[PDB]
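A.B. asks: This is the structure, below, for whatever I ask next.
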Amino acid sequence: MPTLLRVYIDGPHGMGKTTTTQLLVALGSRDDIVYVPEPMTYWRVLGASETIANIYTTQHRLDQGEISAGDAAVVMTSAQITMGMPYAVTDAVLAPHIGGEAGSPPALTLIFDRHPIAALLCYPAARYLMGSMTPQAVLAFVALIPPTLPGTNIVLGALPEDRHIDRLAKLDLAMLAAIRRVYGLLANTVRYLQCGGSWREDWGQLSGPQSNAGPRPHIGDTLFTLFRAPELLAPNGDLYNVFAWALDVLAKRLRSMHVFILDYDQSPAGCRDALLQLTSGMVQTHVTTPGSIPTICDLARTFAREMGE
Amino acid sequence: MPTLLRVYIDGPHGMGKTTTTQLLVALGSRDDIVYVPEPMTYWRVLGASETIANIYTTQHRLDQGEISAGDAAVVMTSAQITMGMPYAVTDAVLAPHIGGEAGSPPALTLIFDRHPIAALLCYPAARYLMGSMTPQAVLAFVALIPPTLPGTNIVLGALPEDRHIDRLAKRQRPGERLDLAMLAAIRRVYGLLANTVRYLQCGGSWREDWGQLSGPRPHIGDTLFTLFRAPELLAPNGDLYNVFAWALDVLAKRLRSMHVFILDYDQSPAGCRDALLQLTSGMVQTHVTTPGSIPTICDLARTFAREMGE
Amino acid sequence: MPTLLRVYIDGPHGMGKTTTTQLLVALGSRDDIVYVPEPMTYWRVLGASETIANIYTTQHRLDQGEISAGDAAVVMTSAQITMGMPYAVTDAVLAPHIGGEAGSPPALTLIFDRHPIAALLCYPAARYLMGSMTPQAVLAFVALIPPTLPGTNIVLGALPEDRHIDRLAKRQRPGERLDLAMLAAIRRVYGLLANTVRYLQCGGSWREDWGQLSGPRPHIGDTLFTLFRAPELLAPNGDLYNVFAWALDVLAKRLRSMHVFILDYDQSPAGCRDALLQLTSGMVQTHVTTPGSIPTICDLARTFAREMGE
Amino acid sequence: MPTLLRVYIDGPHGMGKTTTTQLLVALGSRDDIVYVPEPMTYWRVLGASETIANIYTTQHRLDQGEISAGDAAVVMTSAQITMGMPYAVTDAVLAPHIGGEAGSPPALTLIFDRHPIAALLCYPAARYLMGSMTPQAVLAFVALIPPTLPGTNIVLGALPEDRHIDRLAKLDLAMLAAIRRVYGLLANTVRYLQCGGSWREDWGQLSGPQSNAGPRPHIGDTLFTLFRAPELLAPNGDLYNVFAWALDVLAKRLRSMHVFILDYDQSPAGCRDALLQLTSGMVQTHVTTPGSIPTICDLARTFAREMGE
Ligand SMILES: Cc1c(C[C@@]2(C)C(=O)NC(=O)N[C@H]2CO)[nH]c(=O)[nH]c1=O
Ligand SMILES: Cc1c(C[C@@]2(C)C(=O)NC(=O)N[C@H]2CO)[nH]c(=O)[nH]c1=O
Ligand SMILES: Cc1c(C[C@@]2(C)C(=O)NC(=O)N[C@H]2CO)[nH]c(=O)[nH]c1=O
Ligand SMILES: Cc1c(C[C@@]2(C)C(=O)NC(=O)N[C@H]2CO)[nH]c(=O)[nH]c1=O
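Residue numbers (full-length UniProt numbering), protein chains in the order written: chain X, 46 to 149, 154 to 219, 227 to 264, 274 to 374; chain A, 46 to 149, 154 to 264, 280 to 374; chain V, 46 to 149, 154 to 264, 280 to 374; chain E, 46 to 149, 154 to 219, 227 to 264, 274 to 374.
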């Protein structure tokens with residue numbers, strides 16, 4: 046069978062991800078690499094009207110004291126469903142075509162602009178740090194993350210805050233800090249779990274980044290520490306089982322992924338060549354049937370056409 | 046490896062004289078049959094404050110013209126995320142323990162109070178019919194329905210509308226409003242769900258029959289697919305956008321492999337208990353992956369009950 | 046046009062405490078439910094002399110080595126032509142009156162004692178497992194199964210083997226021999242029938258899975289298709305001849321559209337009566353083609369009963 | 046949609062049918078006309094061993110007094126199942142591809162060597178006249194005749210008995233008489249039914274050929290008169306309902322067919338040109354889907370390859 050390489054570029058916005066991906070796609074041939082872009086059309090028109098403007102207005106409202114936290118949470122939560130639709134439906138129809146892992154060329158390389166966890170975990174968690182989402186809602190999205198398909202290669206970004214801020218300024229600094237923290241925690245969470253970390257075993261250590278390198282991080286530097294809020298705990302100090310189960314799901318989903326860090330503090334061509342090198346050691350997978358390749362290509366192109374602008 | 050029998054009691058609420066959870070308690074006294082009751086504590090306290098009350102209030106305010114359709118949709122979409130949480134979390138931890146089918154008694158019989166599709170498909174669809182949810186939000190929830198595992202036995206109820214209205218009027222839950230439009234909506238969605246599984250099991254191809262909506281198995285007009293002919297999902301030339309067509313493909317794939325059993329609720333609680341148990345004879349059983357899969361499930365069910373069921 | 050509900054009681058014989066026809070008589074006292082009983086008169090007199098006796102004698106003689114396998118096959122094939130006649134004739138005159146489906154009470158509920166597949170598929174297949182029929186004759190009968198019309202509801206029974214043996218030992222019919230090998234054979238065929246409908250309704254493609262016989281749905285090894293891997297149907301290179309592959313395509317097409325309901329017979333006649341009626345709630349109903357289709361059916365059933373049922 | 050022409054050549058053996066059909070097929074192009082031949086391989090090897098030799102031996106046995114009538118009937122009946130298998134399975138898989146009637154060129158013409166009624170009605174009835182089959186068994190086969198697909202054109206043959214006998218002799229004369237009578241009755245039965253004949257209305261007229278031309282025949286000259294045997298009647302003189310229903314099926318199945326008579330008392334080329342002319346006024350049908358034509362061709366060719374020698 047032919048082999049497939051799926052790469053999800055993710056992490057905080059404004060680091061140079063779209064440019065980098067586009068430069069990568071440009072090097073290859075027409076048919077050996079397809080790009081599933083940002084589904085901006087879905088977020089502005091197809092799924093709802095101006096979902097991103099709606100999200101930023103709500104935050105300002107709450108920040109301003111124009112609305113309550115409960116109201117902000119209802120909006121963010123409802124908006125996140127719209128936000129993650131494209132990522133989720135794409136994963137669901139892609140799923141049946143993915144076979145077992147092969148080994149770190155591929156007949157087809159699929160580069161995605163973000164992964165379902167961006168919408169079902171990362172933004173929700175960042176909004177929770179911003180006060181516009183409750184931890185329970187975050188765990189509700191966590192519980193819906195689809196089973197992690199084999200060969201799930203995720204590329205996160207590293208960019209100095211000053212360089213990031215400098216760049217991002219053509227401005228919610230809090231949201232930028234919250235999103236960077238969440239993605240930093242996410243990288244440690246993968247390492248922690250692949251280094252044999254058990255959140256249940258280390259829960260009590262809570263009180264008061275490298276995704277595939279370095280020593281086992283402390284649970285305090287992973288995503289689990291966001292979920293020790295009073296709302297989730299009982300009168301005895303510990304967390305409720307529903308939420309503890311959500312944490313298990315989180316552990317199961319992140320556990321099998323292969324995450325890589327891409328230094329964006331370089332020129333566009335440098336980033337592209339850094340990403341290229343990073344793809345060498347990524348896990349590829351076989352496809353279920355002979356006709357999977359063509360179908361995956363058509364699926365990606367149709368997504369780009371209909372949803373990416 | 047031992048065998049497991051999963052039975053999800055579902056359908057429009059308020060059909061039996063006793064609740065699904067009360068019926069469940071009656072059956073969960075054999076040692077070979079454990080239940081996963083309604084997570085009421087989560088809906089009223091844990092996940093948020095009085096979520097069922099919020100839902101019915103919101104619908105009522107929409108109907109009275111006090112709030113906009115978009116305002117209701119935001120509340121209802123967010124409310125459904127909270128409502129399905131326990132089901133989604135239950136499915137995800139139980140999934141790895143479910144093996145392949147066995148054939149046509155089982156070591157353990159797990160009986161649930163609803164399946165993830167009620168909070169991810171059925172309730173949202175009903176709210177779409179009530180004007181309180183967008184069809185795009187409904188397909189977004191459909192896109193997140195967990196893969197259908199082997200041995201997914203779903204019991205839906207049969208009950209004449211007037212008897213349903215009557216029986217529902219006697220158990221008005223905390224914050225619930227007796228709404229005949231919603232009862233019609235929810236009963237229709239479940240009837241369409243039943244027809245859809247049949248349609249799909251009999252060869253039905255939604256893409257091939259789509260044209261029949263605008264001009280042996282049920283007609284596509286009598287399945288859940290008719291609901292998604294909504295104008296919000298169509299491009300200027302009337303074609304369904306591909307995003308939504310993919311959600312329908314997912315819907316088709318998730319439903320087709322489910323085994324639907326119809327329970328006649330027009331009888332007494334005792335009768336509904338016998339009936340249900342009789343129905344188990346034609347249900348599909350699966351094998352469990354590990355030797356210690358029985359106990360994990362039992363504890364899951366016990367812990368769930370203890371914590372979320374009162 | 047009024048609606049009709051057809052219910053075919055089938056499965057391995059000797060499961061309920063009362064016969065299928067006796068149960069039928071009990072239900073045929075409402076004016077909205079007519080029955081088509083067992084055509085015993087045809088089998089013992091009309092069509093030929095004591096056909097059931099001939100069958101069991103023949104099997105017994107085969108087992109004792111008094112007659113050849115080919116001699117038994119000739120008798121058994123001819124005997125099955127006679128056994129299914131009434132069912133085939135019933136289907137063909139009733140067919141033109143059956144219209145398309147209605148949806149998920155009916156004007157008339159027609160309850161039959163067996164469906165053409167028992168005499169055209171199930172019994173012959175069992176006899177193939179008993180060495181008294183060739184697999185080619187079984188596929189020849191399968192090739193003549195009338196097209197499956199809409200609303201084909203088939204009730205099959207569930208009953209633990211020892212209880213089945215016990216209950217069957219108390220009603221030994223005229224000329225019948227209590228054969229445990231045949232009971233195993235017939236019970237297996239019906240279990241495989243049930244699995245086959247499921248297999249097919251869930252996506253199953255016999256041609257695509259055929260390779261698995263020699264090296280979510282039931283494995284093809286647990287469906288009726290495994291029976292036809294018999295060496296008599298294969299060419300020198302192991303491929304199934306096309307004649308037979310076409311018979312399997314027909315089998316696939318006839319079964320897939322049937323709706324199977326499992327009835328637990330491990331209870332009393334009264335219980336089996338309630339159960340059956342409860343089961344009607346999830347059965348598929350159809351419309352009739354003409355306004356005078358109700359009466360024709362009633363008279364058919366009445367005339368049938370009167371003449372062939374004692 | 047493309048149109049299809051199905052023609053079933055049938056009638057008594059030895060009239061010049063195979064030759065005629067072969068000459069017909071020869072005139073057309075490769076792909077516009079396919080021939081579904083006699084499935085001799087199935088009858089001699091695939092379905093059973095020497096089914097025809099077995100049938101002729103049994104008749105001789107009974108004629109000789111070596112076996113009883115009951116024994117002969119069990120054999121003939123069992124043999125007929127084998128005999129009609131190929132015709133029946135072919136009709137069953139062909140069925141889904143046949144659309145509604147069009148009008149008396155076609156994209157594809159299918160010429161069959163016999164129709165299911167040969168095995169499910171005609172031979173059984175002829176064996177009943179020969180005493181080797183019971184009338185009840187005959188009606189059991191009649192009850193299994195598949196629904197008559199639209200565009201069912203059947204061509205029967207006409208040949209003087211002396212010419213037929215002369216020809217057939219390189227010898228069961230009784231069987232030849234019985235088969236000719238049965239096919240003669242069959243032609244009248246179609247005419248009778250298409251002229252508004254009702255067997256139930258005329259049953260009492262019993263006591264003591275043109276298929277698409279002439280006046281309404283008397284029931285006494287149709288197939289219904291074979292079924293007034295004592296075995297089928299009750300003590301009150303009339304027939305039993307089971308059998309009466311079988312007669313209805315017979316009436317329903319034959320009613321919609323379009324039967325033609327082909328004079329075989331001519332030279333091979335004459336027969337071919339007579340058959341050609343006869344196909345001009347035959348009913349064609351549409352096919353359900355675009356790909357039906359190719360599939361029907363493959364089905365016919367595969368039948369010819371595997372079953373016709
Ligand atoms: C993915 C995602 C984003 C991220 C997006 C949608 C956002 O903020 N703005 C935009 O221009 N594109 C992306 C940034 O790369 N934002 C959000 O609120 N929820 C989400 O789920
Ligand atoms: C499952 C479900 C219900 C069903 C529930 C939560 C309902 O409304 N009221 C109640 O107290 N318990 C159940 C009835 O079976 N309702 C709803 O709005 N969305 C859902 O997703
Ligand atoms: C239907 C059927 C039966 C079933 C019957 C005829 C059986 O064997 N004995 C009896 O007296 N009535 C039925 C039992 O339900 N048996 C058989 O050999 N071939 C068939 O085709
Ligand atoms: C079709 C048929 C025949 C007819 C056939 C099979 C026969 O007799 N001999 C043979 O050489 N080919 C045919 C004659 O055209 N004979 C029979 O006994 N039963 C049947 O059903």
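Even for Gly, the Cβ is constructed at its ideal location relative to N, Cα and C.
(1) Would you call the stretch 49-67 of chain X in contact with the stretch 331-339 of chain X, where contact means no fewer than 3 C-beta pairs closer than 8 Å?
(2) For the alpha helix (DSSP H) containing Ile-203 (chain A), list its first residue and its last residue.
(3) Using a cut-off of 9 Å between C-beta atoms, extract the partners of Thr-197 (chain A) located in chain V.
(4) How many angstroms separate the CA atom of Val-348 (chain A) from the CA atom of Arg-281 (chain V)?
(5) Note down, in chain order, every chain V residue with its Cβ under 7 Å from the Cβ of residue 265 (chain A).
(6) Return the residues of the stretch 111-145 of chain V that lie within a Cβ-Cβ distance of less than 7 Å from chain A, sorted by chain order.
(7) So which of A:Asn-99, A:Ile-214, A:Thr-135, A:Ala-311 has the shortest CA-CA distance to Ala-309 (chain X)?
(8) May I ask whether a heavy atom of ligand 2 can be found less than 7 Å away from the beta carbon of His-58 (chain A)?
(9) Measure from the C-beta of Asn-306 (chain E) to each C-beta in chain V and report whether the shortest distance is under 8 Å.
(10) Could you list which residues in chain X have their beta carbon closer than 7 Å to that of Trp-310 (chain A), in chain order?
(11) Should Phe-325 (chain V) be flagged as near chain A, meaning a C-beta pair shorter than 8 Å?
(12) Mark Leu-229 (chain A) as exposed unless 16 or more other C-beta atoms lie within 10 angstroms of its C-beta, in which case mark it buried.
(13) Between which two residues does the alpha helix (DSSP H) carrying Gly-115 (chain X) extend?
(14) Residue range of the alpha helix (DSSP H) that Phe-190 (chain A) falls in?
(15) Using a C-beta to C-beta distance shorter than 7 Å, which residues of chain A count as neighbours of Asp-328 (chain V)?
(16) Would the stretch 181-195 of chain X count as touching the stretch 295-304 of chain X if we require 3 or more Cβ pairs under 8 Å?
(17) According to DSSP, which residues form a beta bridge with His-323 (chain E)?
(18) Using a Cβ-Cβ distance cut-off of 8 Å, determine whether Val-314 (chain A) contacts chain D.
(19) Would you please verify whether the beta carbon of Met-372 (chain X) is less than 8 Å from any beta carbon of chain A?
(20) Please classify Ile-235 (chain X) as buried or exposed, where buried requires at least 16 neighbouring CB atoms within 10 angstroms.
(21) Return the bridge partner residues of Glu-146 (chain A) from the DSSP annotation.
(22) In whole angstroms, what separates the C-alpha of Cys-171 (chain E) from that of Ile-97 (chain E)?
(23) Can you say whether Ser-94 (chain E) is buried or exposed, counting buried as having 16 or more other CB atoms within 10 angstroms of its CB?
(24) Just verifying my parser: in three-state terms, what is the DSSP assignment at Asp-328 (chain E)?
(25) What are the boundary residues of the alpha helix (DSSP H) that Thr-65 (chain A) is part of?
(26) Quick check: is the beta carbon of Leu-91 (chain E) nearer than 8 Å to any beta carbon in chain V?
(27) Straight-line CA distance for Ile-160 (chain X) to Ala-369 (chain X)?
(28) For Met-372 (chain A) and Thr-197 (chain A), which I take to be in contact (beta-carbon distance under 8 Å), what is that distance rounded to the nearest angstrom?
(29) Can you round the beta-carbon distance between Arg-320 (chain A) and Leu-249 (chain A) to whole angstroms, since I take them to be within the 8 Å contact cut?
(30) How big is the Cα-Cα spacing for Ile-203 (chain X) and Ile-361 (chain A)?
(31) If you follow the alpha helix (DSSP H) that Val-52 (chain A) is part of, which residue opens it and which one closes it?
(32) Exposed or buried, what is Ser-357 (chain X) when buried is set at 16 or more other beta-carbons lying within 10 Å of its beta-carbon?
(33) Kindly say whether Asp-286 (chain A), judged by its beta-carbon, lies nearer than 8 Å to any beta-carbon of chain V.
(34) Which residue comes first and which comes last in the alpha helix (DSSP H) that contains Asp-258 (chain X)?
(35) Within 8 Å of any Cβ in chain A, is that where the Cβ of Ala-207 (chain V) sits?
(36) For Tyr-87 (chain V), go through chain E and note every residue whose CB falls closer than 8 Å to its CB, in chain order.
C.D. replies: According to the structure shown:
(1) yes
(2) Along the second sequence, one-based indexing puts residue 203 (chain A) at 154. First-last for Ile-203 (chain A): 202-207, but that is the beta strand (DSSP E), not the alpha helix (DSSP H).
(3) Looking up residue 197 (chain A) in the second sequence gives position 148. Within 9 Å Cβ-Cβ: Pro-280.
(4) Within the second sequence, residue 348 (chain A) is the residue found at index 284, counting from 1. Within the third sequence, residue 281 (chain V) is the residue found at index 217, counting from 1. Taking the straight line from one Cα to the other gives about 10 Å.
(5) Residues lacking coordinates in chain A include everything strictly between 264 and 280, among them residue 265 (chain A).
(6) none
(7) For the purposes of this step, residue 309 (chain X) is identified with residue 244 of the first sequence, where counting begins at 1. The option with the nearest alpha carbon to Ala-309 (chain X) is A:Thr-135.
(8) Taking the first residue of the second sequence as position 1, residue 58 (chain A) is located at position 13. Yes, ligand 2 has a heavy atom inside 7 Å of this Cβ.
(9) Looking up residue 306 (chain E) in the fourth sequence gives position 241. At least one C-beta of chain V is nearer than 8 Å to the C-beta of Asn-306 (chain E).
(10) Here residue 310 (chain A) refers to the residue found at position 246 when the second sequence is read from its first residue. By Cβ distance, chain X contributes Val-134, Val-138.
(11) As a working note, residue 325 (chain V) is residue 261 in the third sequence. Cβ-Cβ to chain A under 8 Å: yes for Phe-325 (chain V).
(12) Position 180 of the second sequence, counting from 1, holds the residue named residue 229 (chain A). Under this definition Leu-229 (chain A) is an exposed residue.
(13) Position 70 of the first sequence holds residue 115 (chain X). Its alpha helix (DSSP H) spans residues 114-139.
(14) As a first step, residue 190 (chain A) is located in the second sequence; it is residue number 141 there, counting from the start. It spans 184-191 - the alpha helix (DSSP H) in which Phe-190 (chain A) sits, taken as one unbroken run.
(15) What you label residue 328 (chain V) is simply residue 264 of the third sequence in a count that begins at 1. Here the neighbours are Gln-342, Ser-345.
(16) yes
(17) The residue labelled residue 323 (chain E) in the question sits at position 258 within the fourth sequence. According to DSSP, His-323 (chain E) bridges with E:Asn-202.
(18) Of the protein chains in the structure, X, A, V and E, none is chain D.
(19) As a first step, residue 372 (chain X) must be located in the first sequence, where it is residue number 307. For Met-372 (chain X), the answer is yes, since a Cβ of chain A falls inside 8 Å of its Cβ.
(20) On the first sequence, position 179 is the one that residue 235 (chain X) refers to. Its Cβ being crowded by 16 or more others within 10 Å, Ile-235 (chain X) is buried.
(21) As a first step, residue 146 (chain A) must be located in the second sequence, where it is residue number 101. BP columns for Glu-146 (chain A) point to A:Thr-350.
(22) The count along the fourth sequence starts at 1 and reaches residue 171 (chain E) at position 122. The count along the fourth sequence starts at 1 and reaches residue 97 (chain E) at position 52. So the alpha carbons of these two residues sit roughly 15 Å apart.
(23) Your numbering for residue 94 (chain E) matches position 49 in the fourth sequence. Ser-94 (chain E) comes out exposed.
(24) On the fourth sequence, residue 328 (chain E) is found 263 positions in, with the first residue counted as 1. Three-state result, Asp-328 (chain E): strand.
(25) Your numbering for residue 65 (chain A) matches position 20 in the second sequence. Per DSSP, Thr-65 (chain A) belongs to the alpha helix (DSSP H) from 65-72.
(26) Position 46 of the fourth sequence holds residue 91 (chain E). Judged by the 8 Å Cβ criterion, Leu-91 (chain E) is in contact with chain V.
(27) As a position in the first sequence, residue 160 (chain X) is number 111, starting the count at 1. As a position in the first sequence, residue 369 (chain X) is number 304, starting the count at 1. Cα to Cα, the separation comes out at about 12 Å.
(28) Translated into the one-based positions of the second sequence, residue 372 (chain A) becomes position 308. Translated into the one-based positions of the second sequence, residue 197 (chain A) becomes position 148. With 8 Å as the limit, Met-372 (chain A) and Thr-197 (chain A) do not qualify as a contact, their Cβ atoms being about 24 Å apart.
(29) Locating residue 320 (chain A) in the second sequence gives position 256, where the first residue counts as 1. Locating residue 249 (chain A) in the second sequence gives position 200, where the first residue counts as 1. The Cβ separation is near 4 Å, so the contact holds.
(30) As a first step, residue 203 (chain X) is located in the first sequence; it is residue number 154 there, counting from the start. As a first step, residue 361 (chain A) is located in the second sequence; it is residue number 297 there, counting from the start. Approximately 33 Å between the Cα atoms of the pair.
(31) Residue mapping note: residue 52 (chain A) aligns to position 7 of the second sequence, counting from 1. Premise fails: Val-52 (chain A) lies in the beta strand (DSSP E), 48-54, not in any alpha helix (DSSP H).
(32) Translated into positions along the first sequence, residue 357 (chain X) becomes position 292. Result: buried.
(33) For the purposes of this step, residue 286 (chain A) is identified with residue 222 of the second sequence, where counting begins at 1. Output row for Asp-286 (chain A): interface = yes.
(34) Counting from one through the first sequence, the residue named residue 258 (chain X) turns up at place 202. Where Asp-258 (chain X) is concerned, the enclosing alpha helix (DSSP H) stretches over 255-258.
(35) As a working mapping, residue 207 (chain V) is identified with position 158 in the third sequence. Output row for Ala-207 (chain V): interface = yes.
(36) If you number the third sequence from 1, residue 87 (chain V) lands on position 42. Simply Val-307.
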